[PDB]
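Novice: Any chance you can model this:
(chains A, B, C and D, ligands or ions: 4)
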Amino acid sequence: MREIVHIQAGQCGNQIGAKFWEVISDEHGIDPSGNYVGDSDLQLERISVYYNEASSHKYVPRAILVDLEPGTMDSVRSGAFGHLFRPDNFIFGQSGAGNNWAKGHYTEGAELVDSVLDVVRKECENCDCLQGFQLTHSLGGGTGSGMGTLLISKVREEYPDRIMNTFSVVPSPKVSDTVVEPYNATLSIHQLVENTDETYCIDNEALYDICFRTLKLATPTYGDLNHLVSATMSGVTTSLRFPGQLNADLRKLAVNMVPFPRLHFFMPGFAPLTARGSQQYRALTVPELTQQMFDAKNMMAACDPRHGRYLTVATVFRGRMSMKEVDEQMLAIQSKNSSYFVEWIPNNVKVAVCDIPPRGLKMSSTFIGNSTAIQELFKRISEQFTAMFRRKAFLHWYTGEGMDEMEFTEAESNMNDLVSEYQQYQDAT
Amino acid sequence: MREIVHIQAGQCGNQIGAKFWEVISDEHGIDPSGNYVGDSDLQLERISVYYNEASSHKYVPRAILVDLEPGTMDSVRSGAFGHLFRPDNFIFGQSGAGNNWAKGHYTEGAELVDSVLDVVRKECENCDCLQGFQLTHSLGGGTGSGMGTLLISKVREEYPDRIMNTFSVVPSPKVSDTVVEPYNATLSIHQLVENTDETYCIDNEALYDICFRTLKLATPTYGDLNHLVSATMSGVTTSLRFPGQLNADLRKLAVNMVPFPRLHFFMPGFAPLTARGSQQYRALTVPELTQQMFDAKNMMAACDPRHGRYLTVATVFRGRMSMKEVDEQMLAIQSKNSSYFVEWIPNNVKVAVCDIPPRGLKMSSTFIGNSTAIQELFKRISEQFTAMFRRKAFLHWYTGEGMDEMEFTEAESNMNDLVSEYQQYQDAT
Amino acid sequence: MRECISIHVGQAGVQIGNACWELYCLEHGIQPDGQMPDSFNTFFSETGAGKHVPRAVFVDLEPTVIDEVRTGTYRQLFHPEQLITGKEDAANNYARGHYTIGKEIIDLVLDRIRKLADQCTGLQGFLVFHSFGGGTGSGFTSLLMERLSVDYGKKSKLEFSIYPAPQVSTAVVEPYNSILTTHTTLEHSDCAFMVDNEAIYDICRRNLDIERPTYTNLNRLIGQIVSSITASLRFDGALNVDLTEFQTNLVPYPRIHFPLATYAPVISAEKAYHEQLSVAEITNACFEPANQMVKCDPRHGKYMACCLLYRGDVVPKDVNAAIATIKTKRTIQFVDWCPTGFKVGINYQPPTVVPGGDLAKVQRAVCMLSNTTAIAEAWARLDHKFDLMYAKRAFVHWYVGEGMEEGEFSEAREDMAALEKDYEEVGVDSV
Amino acid sequence: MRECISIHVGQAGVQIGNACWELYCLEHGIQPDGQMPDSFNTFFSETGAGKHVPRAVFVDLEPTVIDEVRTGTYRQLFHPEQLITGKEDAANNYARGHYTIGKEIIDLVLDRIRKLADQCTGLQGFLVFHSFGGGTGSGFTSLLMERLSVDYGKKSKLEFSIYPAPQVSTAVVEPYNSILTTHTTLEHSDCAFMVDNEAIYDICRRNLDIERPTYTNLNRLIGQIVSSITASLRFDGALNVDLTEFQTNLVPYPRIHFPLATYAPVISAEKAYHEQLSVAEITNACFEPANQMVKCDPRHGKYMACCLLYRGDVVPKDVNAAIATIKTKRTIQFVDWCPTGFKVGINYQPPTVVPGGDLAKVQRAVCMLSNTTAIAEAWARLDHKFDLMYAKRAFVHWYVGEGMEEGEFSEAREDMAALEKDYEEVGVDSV
Ligand SMILES: Nc1nc2c(ncn2[C@@H]2O[C@H](COP(=O)(O)CP(=O)(O)OP(=O)(O)O)[C@@H](O)[C@H]2O)c(=O)[nH]1
Ligand SMILES: Nc1nc2c(ncn2[C@@H]2O[C@H](COP(=O)(O)CP(=O)(O)OP(=O)(O)O)[C@@H](O)[C@H]2O)c(=O)[nH]1
Ligand SMILES: Nc1nc2c(ncn2[C@@H]2O[C@H](COP(=O)(O)OP(=O)(O)OP(=O)(O)O)[C@@H](O)[C@H]2O)c(=O)[nH]1
Ligand SMILES: Nc1nc2c(ncn2[C@@H]2O[C@H](COP(=O)(O)OP(=O)(O)OP(=O)(O)O)[C@@H](O)[C@H]2O)c(=O)[nH]1
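Specialist: Numbers count the residues shown, from 1 in each chain, chains lettered A, B, ... in the order given. Ligands and ions are numbered 1, 2, ... in the order given. Right below this line is the structure:
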């Protein structure tokens, strides 16, 4: 049974984690005390991908919660699933880095990381065949991008074969809540290219765009944006835990998507997203939801896939499907916008199905696009960074900590080589 | 039936002995009056290792309580088990040596120790096949370090074949409650090497470290540290009193641990140690608890075992085990930190199981490591003692009694030869 | 005698045998508990207790596929010592099937064969079942067919491989892990059938009049072909078509062992009454390009040597009569240097019905195995498809980092292009 | 006649005999009270009242082990004047069992043998049971079997010692107390079997499908071998395999008396139905390196003289026919200087089931006793592992202070290395 220890750096990465295990404990039928109350035994036959056992019929999630500031630990302790986690796993410092990167990586985060890897090694020891690590954090912040990349580069030193996932929340140019967001973002990606095996650049703009346009909610009060990123987080590992007609592991997406070892930056997408009570009854019927899935509106990263041709696309399905109706529909998408895919990867749409849907639907299907229009994301940040780095504003809060000044010109050139690398295949053949 | 008379010297040894018989009178189901109220007869068939019989169904423990300080007799005489002990066995002087070693060994202790050997020979006569003598005392103090080593060198004169145990609470540099602690410690060890054949150098720092980190108690109020050293004191002799699948006596341990007759200084360790209400119900599981048992946090001597390779290791299990899972795990531990063991002792981890756990668990397992990192315990004291011996401070309280000044320079060389002997195998092969 | 084991590997390989062994229990009255309430010994080594054990080795490196078989129905039929199972899925990586993980579990699969090949007095041959679509089906089988050819030299070994479809696709590295496996199956294999996966949809669309077929409506049709190929070893008729005096009616040269299967009839239940399914239409249906099992047109190429394997209530009078219309009075041109025609494998046993309700019962059936040169058009749509990807060196770093030398793709493409030149070489006789 | 007594030394000696004599009560219908509700007289000198005293003497210097047998079940079966019991364990010490404490309780054990060796008209031999893991199992047994061969010269004496594993270990001084044992068991012993304890975990995990076997799951698998070795003395067939016959049918020299036991079949109750357990499968399974009862690979070494001891529903037709496969057309190479093959020990009685629920019932069995030269790699560990400890003079002062002279280890290693040179000497014939 392949195993995935699940770290949660940052505050937002802890805000989406309490709605991540809320999905899975419903998906495996697990009470908030930690027992099993599920009906179908096909759930219980493989829960060891995400769980452990107690000295009873009681299961405990393989989670490592890391945040430099408490209170968010007091939220998940007093939430709906407070008695679910292992209380030894709750690693939390004292101060909380105030949106600083040098603090939280060099100064403050180094005093906490050795308390973390004594719990990573404990969870790596109780696993038979470890599959990989997935950590959910927020770029742009202080402790999701300073502690997070320190935690990755210490883990990938010790486990250079296990897969690495990162559900990073990149900053958006419109919905920005931090003046030093273009500093902490462009510092993380230098230490995120070389160590993570496949990330997931979820933006927070398009999640506000889905809940207005597609989902058509009134007020998206953070119990949805930090929930919708969990529905596509269970959608990737829904083939590890359930029997399918054709299933794909985390190694399978990490070998069908990347054509070069630098190009692991994915824009995920989930469908069906109905209205609350309108489109799920009045209009939408659910075969062939790929035309919803490939839409520019129904993305997570705030980039336009019409502005840049795809490289590889993974569409993990979940419902009780029919493999002709999956694949013949998948060919019609590849023949419709035939200029929107790269030439030298023929028949790039990797598919995978399962047999158990999410509870409350009949069919569902995520989508993990490895586009080259993710260069429009990094072209925004490298615009905002190069504006602020001219005046060298906000540098005494980083150079005051143990971080040099040539580190920024080194880290900006590492990003601008990545955008030079992603543009290398948009126009060539 | 092998027999062990047990001599609670000192006051701290009397403080941990009042919680030592409280374990055993629960472990055999013996009421505080002294009767038997146990259910299973397998615990009754051999109680004569630790007990006698009166002229009824009423047992009286083979215990000798020695302290120059009086009044702490009246604690255990008026405690929960005051009616259990034999009142003739309560031996106590009048004054109470005030943290002096020369007083308590030469002057004060010699006027009392002949009353003890008229009781330890009274208890040696009612035993059929005597196994050894346990004695629990506090090193660095006044009574247990000066009356105790006078008592051992008188016992080992009369019984040169019986084994000897010594649960000496050593001093620690961080938690020191005595200004003449590095004087009474280094005077005792010279008279502790040549006579006892296995000690158990527990510490009072790591006991304070366990109740905050591992056990996570709020206030360690001395009813825990005197209890936690009682669990690993019953755990050594839990094979003498219970039928095991593979059992080990005290002679079996001292023939498996020391490779040379001077290397009997063992750092014990006990596991499982849960939280107070969390891990004992939710998180911890109890096969393969050797990962807890080998950790640096779950030790008794405040020393880092990673700083020095183990010589020999005895792990006495207790629970209803499965001898493949005991031994396959034991090979995986020896192959993991394969640099942390001595080369010229191959396959050194001695196993021993039993069939009856402590009342309130399912499995339990002590661990008795004969490390070479116990030289760090003696390099602190021989640093502090050599500092005070330059100025020759606090010396008229020892040279005032019948103790020479060259005795300290002789006792330091007898300690520094032991640290030279223990360092002789850390680097050689 | 005449026993014939069948090893399975891949997500396709176990999923076929989950439904292929569903069929053989119907063709011998074997219960799902393995207890028959004559001669089945070519597929079942029975025990003295009245049970029956199928002679198959279900392997996969990923545990989530065999555990469907190991827990649902038919969980008492097999033997738990033979359902070999790894831990890592060897995700679409030929080097992870041929060098990294498959190297570890080869010595358990190969050990279980000698615990089954020593219970065989007469061993006809091996029946592998994999897909060329990456992973263990191409990576672990290449480490297995290379392994069996050392220990079992003079022994036939069939191969029911699934070819990657031209337009329908599942993997992204489908063209990478198919050039790498044909260097194995060109030498070590023998009569490697290569059915396609798209072409059975175009049989389940028009010939079979169902819509949206799953992989259970598609693996039934691939189980019926392996039934009537081995219908000579366990029934009667005018056969003499055992797997060594049949495969020398197939290959003209040691490199042209790539026939295509074709089954007929596949007529649904509602259309079963509106057609007299007799031997004239039954034979003429096998040569329709809309009725082959590979996406290729045999009207383009030329047949070398078919092998018509009948079964059911036929008589060799009109078999030899309906052949002569197809032989002479048609425009399906044979190659010149063999005018003898093709084999004929008449057997008495009619085919059965899997109770899932796919195709109603008939009285006649064919599995014609034509060694046409229309397989060269099934590789020019892979030679171009692989070289389009290898020109930019995409995905090579997921193979060269796993223990595979980078020059192997320049060897496998060099080999399989010389095969396509060789396959088109024997297409002409006169100048 | 044909009586055979079994002595038991050590913690391993009684815990086997607690479950060895559990099996003989099922193999003769004897109740736990000893009261049978033919010929059991090879193991049960019965009394006139209807009881049956088993002819065994349980020796241990520590009372905590025999008091389990003396108080639990089977507490009325044994004779209370024969469970000899000391007071001090003397454990993990050769000298404390051979010089200090074992010298005291020898005169109670050896007197109790002559109170049982004077009820045997025909005494076949002694069956000791100990471990080489220190304490009385090597210290007291070296004193006992030296004392027995003085009073009983012309009498065979088997030895079912538990040789210590290379990796899985319990005692720290475990290599010291085995080099000091082979100086005894070279001279005084006869056909000293040496099973291991790690090799049963590699049997009770894959061949027998249970997880985490206790010491009650290896002391039943060691009980069946002493059953089927002495199954010739008390049953029928085509046997002629009494203990004096197969003794010099096995050893080629007076120094090569170290065979290995191997049992087959050991298949669990779940896969007891999915495999026909016939005599060709039973012998071919009995030669696997993953099925021997010691940690050694017999493919590395060469067999000198095997000895198969079948029992149950076999016939000597196909026993002798299935042998010739293993005899000639295999690569398990025999030694050159004896081409006669090996003994065949066919018995009629099938093996039984101990009701603890470990392995289901069968109809056939074999306890092959190969005198291979692959035991020279079992002593290749302890010739090095003890020499690695003795170079630093570790743990010697717990022996030189007990009565053992310090030059004994320099004598025991010098003898045991010359034995290993002698074992590798008879492995070659031609220059
Ligand atoms: N997906 C979600 N993102 C959020 C949410 N709340 C805030 N944020 C996002 O995450 C960012 C918050 O920054 P962080 O989580 O990294 C807080 P930081 O680690 O920098 O310091 P601390 O406050 O001490 O934890 C914010 O800019 C938003 O981009 C949320 O509820 N859900
Ligand atoms: N393990 C424990 N050690 C204790 C405890 N209380 C005190 N002490 C330890 O024992 C030391 C003092 O106890 P002593 O018996 O040595 C005092 P002394 O020998 O002079 O006898 P009295 O004056 O009659 O008390 C102190 O430095 C501590 O290291 C306790 O509760 N547990
Ligand atoms: N014809 C047919 N092909 C199938 C079927 N199921 C799966 N396949 C093919 O099998 C391939 C799946 O991979 P496998 O052959 O099992 O090898 P793999 O990559 O190791 O897959 P896993 O073992 O699951 O990791 C896909 O390319 C499919 O085209 C089926 O039911 N019928
Ligand atoms: N195979 C097997 N070996 C056992 C069993 N019980 C104990 N042993 C072996 O016994 C060895 C230890 O020697 P002991 O049998 O205890 O000999 P001893 O020291 O004289 O016995 P005591 O003096 O009572 O401690 C270990 O290495 C074990 O391998 C058992 O049930 N099965």
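Novice: for residue A:313, helix, strand, or coil?
Specialist: The assignment at residue A:313 comes out as strand when based on DSSP: H, G, I helix; E, B strand; the rest coil.
Novice: what's the distance between it and residue A:244?
Specialist: Counting by Cβ to Cβ, to the nearest Å, the gap from residue A:313 to residue A:244 is 19 Å. No exception for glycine: its C-beta is placed from N, CA and C like everyone else's.
Novice: out of those two, which sits in the busier spot?
Specialist: More neighbours surround residue A:313 than the other of residue A:313 and residue A:244, with 27 against 21 (other Cβ atoms under 10 Å in any protein chain shown).
Novice: can you map out the helices along the stretch 301-429 of chain A?
Specialist: Listed in chain order, the helices of the stretch 301-429 of chain A (DSSP state H, counting those that start in this stretch) span residues A:323-336, A:375-391, A:406-422.
Novice: And these: which comes nearest ligand 4?
Specialist: Nearest of those to ligand 4, taken as Cβ to the nearest ligand atom: helix A:323-336 at 54.5 Å.
Novice: Not counting that closest one itself, show me its contacts.
Specialist: Outside helix A:323-336, the residues that touch it by Cβ atoms under 8 Å, 6 or more residues apart in numbering or on different chains are A:245-246, A:287-288, A:290-291, A:294, A:315, A:317, A:341, A:347-349, A:351, A:353, C:167-170, C:201, C:204-205, C:212-215, C:218.
Novice: Which of those fall in helices?
Specialist: Using DSSP state H, the members of these that fall within helices are A:290-291.
Novice: Quick check on the contacts of helix A:323-336: which are buried?
Specialist: A:245-246, A:288, A:290, A:294, A:315, A:317, A:341, A:347-349, A:351, A:353, C:168-170, C:201, C:204-205, C:212-215, C:218 (16 or more other Cβ atoms under 10 Å in any protein chain shown).
Novice: one step back: CSV for the helices of the stretch 301-429 of chain A, including distance to ligand 2?
Specialist: Compiled in CSV, those are given as follows (distance: least, Cβ to the nearest ligand atom, whole Å):
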stretch, distance to ligand 2
helix A:323-336, 70
helix A:375-391, 59
helix A:406-422, 51
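Novice: nearest to residue D:109, of those?
Specialist: With distances scored as Cβ to Cβ, the stretch of the helices of the stretch 301-429 of chain A nearest to residue D:109 is helix A:323-336 (76.5 Å).
Novice: Can you tell me the closest non-neighbouring residue to the residue of chain A found nearest ligand 4?
Specialist: Nearest residue of chain A to ligand 4, counting by Cβ to the nearest ligand atom: residue A:125, 27.0 Å away. Leaving out its chain neighbours, the residue that sits closest to residue A:125 by Cβ to Cβ, 6 or more residues apart in numbering or on different chains is residue B:291, at 6.3 Å.
Novice: I figured that neighbour hits residue A:122, correct?
Specialist: Yes. With contact taken as Cβ atoms under 8 Å, residue B:291 and residue A:122 are classed as touching, separated by 7.3 Å.
Novice: Smallest gap between chain C and ligand 3, at which residue?
Specialist: Ranking the residues of chain C by distance to ligand 3 (Cβ to the nearest ligand atom) places residue C:135 first, at 2.0 Å.
Novice: Hmm, that residue is touching residue C:177, no?
Specialist: Yes. The criterion here is Cβ under 8 Å, and residue C:135 meets it with residue C:177 at 7.4 Å.
Novice: if you count what's nearby, which of these two comes out ahead?
Specialist: Just comparing residue C:135 and residue C:177: by other Cβ under 10 Å the higher neighbour count belongs to residue C:135, 31 against 27.
Novice: Report the contact partners of the more buried one.
Specialist: Under the criterion of Cβ under 8 Å, 6+ apart, the contact list for residue C:135 reads C:10-11, C:61, C:89-93, C:96-97, C:177.
Novice: What of residue C:399?
Specialist: Each residue near residue C:399 by Cβ under 8 Å, 6+ apart is listed here: C:93-95, C:176, C:406, C:409.
Novice: which pair in those residues spans the largest distance?
Specialist: Set against one another by Cβ to Cβ, those have their most distant pair in C:93 and C:406, with a gap of 14.5 Å.
Novice: Of the two, give the one with the bigger neighbour count.
Specialist: residue C:93 (31 against 11).
Novice: With residue C:391 as the reference, measure out to the more buried one.
Specialist: Distance of residue C:93 to residue C:391, given as Cβ to Cβ: 21 Å.
Novice: Which residues does the helix or strand harbouring residue C:108 contact?
Specialist: Using DSSP states H and E, the secondary-structure element containing residue C:108 is helix C:102-114. Applying Cβ under 8 Å, 6+ apart, the external contacts of helix C:102-114 come out as C:5, C:7, C:57, C:59, C:61, C:81-82, C:84, C:86, C:90, C:96, C:136, C:139-140, C:143-144, C:147-148, C:151.
Novice: do stretch A:114-124 as well
Specialist: A:5, A:7, A:62, A:64, A:66, A:88-89, A:91, A:130, A:151, A:154-155, A:158-159, B:291.
Novice: mind listing which of these are in helices?
Specialist: Using DSSP H, A:151, A:154-155, A:158, B:291 are the members of the contacts of stretch A:114-124 that sit in helices.
Novice: Just the buried residues of these.
Specialist: A:151, A:154-155, B:291.
Novice: Please report how far the residue of the stretch 201-350 of chain A found nearest chain D lies from residue D:101.
Specialist: The minimum distance from the stretch 201-350 of chain A to chain D, using Cβ to the nearest Cβ, falls at residue A:243 (22.8 Å). Distance of residue A:243 to residue D:101, given as Cβ to Cβ: 63 Å.
Novice: Against residue A:35, how distant is the residue of chain A found nearest chain B?
Specialist: When distances are taken as Cβ to the nearest Cβ, chain A approaches chain B most closely through residue A:86, which lies 4.3 Å from it. According to Cβ to Cβ, residue A:86 stands 15 Å off from residue A:35.
Novice: can you tell me which residues contact residue A:100?
Specialist: By Cβ under 8 Å, 6+ apart, the residues touching residue A:100 are A:142, A:146, A:180, A:184, A:397-398, A:401.
Novice: again, only using 10 Å
Specialist: Shown here is residue A:100, whose contacts under the criterion Cβ atoms under 10 Å, 6 or more residues apart in numbering or on different chains are A:106-108, A:141-143, A:145-146, A:180, A:183-184, A:394, A:397-398, A:400-401, A:403.
Novice: what's the closest non-adjacent residue to the spatially most central residue of chain A?
Specialist: Of all residues in chain A, the one closest to the mean position by Cα atoms, centre = their mean is residue A:167, 2.1 Å from it. Nearest-residue entry for residue A:167: residue A:136, 4.3 Å, with adjacent residues in sequence omitted and distances by Cβ to Cβ, 6+ apart.
Novice: Now stretch C:390-398: buried residues?
Specialist: Of the residues in stretch C:390-398, those scored as buried under the neighbour-count criterion (16+ other Cβ under 10 Å) are C:390, C:392, C:394-396, C:398.
Novice: Go through those and flag which are in strands.
Specialist: Among these, none falls in strands (DSSP state E).
Novice: and ligand 4, which of the residues you listed reach it?
Specialist: Checked against ligand 4 using Cβ under 6 Å from any ligand atom, the buried residues of stretch C:390-398 give no members in range.
Novice: and the gap between residue C:427 and residue C:302?
Specialist: The gap separating residue C:427 from residue C:302 is 6 Å, by Cβ to Cβ.
Novice: do residue A:130 as well
Specialist: In this structure, residue A:130 and residue C:302 are 55 Å apart, going by Cβ to Cβ.
Novice: again with residue C:324
Specialist: From residue C:324 over to residue C:302 (counting by Cβ to Cβ), the distance is 19 Å.
Novice: would residue C:49 count as being in a strand?
Specialist: No. With the criterion set as three-state DSSP, the secondary structure at residue C:49 is coil rather than a strand.
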